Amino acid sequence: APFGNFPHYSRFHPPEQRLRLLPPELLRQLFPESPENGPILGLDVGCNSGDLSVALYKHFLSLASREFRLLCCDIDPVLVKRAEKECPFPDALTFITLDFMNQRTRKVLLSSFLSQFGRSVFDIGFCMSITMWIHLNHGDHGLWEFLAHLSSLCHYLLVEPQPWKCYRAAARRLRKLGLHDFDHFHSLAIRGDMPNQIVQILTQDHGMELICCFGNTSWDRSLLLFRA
């Protein structure tokens, strides 16, 4: 699993103590309630086995005027269709297999999904614990391009950057497991304060402003909310 496609990542830190400081009223606190805008469209990048996506859907409190549709994508197809067969809400969550660092696949599938509601772009994006894997697999330039695509693809963006602590463990686990091919740990110049580095990249470069954060940047894991 070089892209970090660990089966059932949910055994690793539980959904509940990654959203305990996340307000359930977030969907109420971010979007108007006029139904003319249509459903609230979320893009969950990196839905390992649907656990955290289902938990995010069950966690947010609805508006009772619009409905929350969530397109979740992942690079491992077996994991995606497991998430499909394990998923409580069929008519609310749509699972697809996508390598987000592929222009053609991403453009085609994301326009196929958003054509169903008009929706030139998404409403809210979810980038939970995928930053480090995009980084390790495509260098600083791939992290930059990933954040750029998500900034120009979403109105709001809830990123969970993995700290530099996890980088060492992941790089060791990949180097020893005959997979140092999917690892640029040496050539990474963006380092140390991954939350603040993501903040600076999404702020100076991609026209987004940090409007919320739940957790400390020096904590276990911090959640960071940007808006275009």
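Residue numbers here begin at 1 and follow the sequence given.
For this session: Can you let me know which of the two, 60-68 or 177-185, has the higher average C-alpha B-factor in the entry?
Result: Comparing 60-68 with 177-185, the higher mean C-alpha B-factor belongs to 177-185.
Problem set entry | Between the two ranges 163-171 and 30-38, the one averaging a larger CA B factor in the entry | Mean B over CA atoms: larger for 30-38.
For this session: Report the option among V78, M128, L109, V121 whose CA atom has the maximum B-factor in the deposited record.
Result: It is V121.
Problem set entry | Peak C-alpha temperature factor (PDB record), options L153, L143, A83, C73 | Of the options given, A83 has the highest CA B-factor in the PDB entry.
For this session: Place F95 in the lowest, middle or highest third of its chain's C-alpha B-factors, as listed in the PDB entry.
Result: Middle third of the chain for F95's C-alpha B-factor.
Exercise. Among the chain's modelled residues, which third holds the C-alpha B-factor of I190?
Worked result: For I190, whose C-alpha B-factor we compare with every modelled residue in the chain, the answer is the highest third.
For this session: Would you check the entry's CA temperature factor for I211 and let me know if it's in the chain's lowest, middle or highest third?
Result: For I211, the deposited C-alpha B-factor lands in the middle third.
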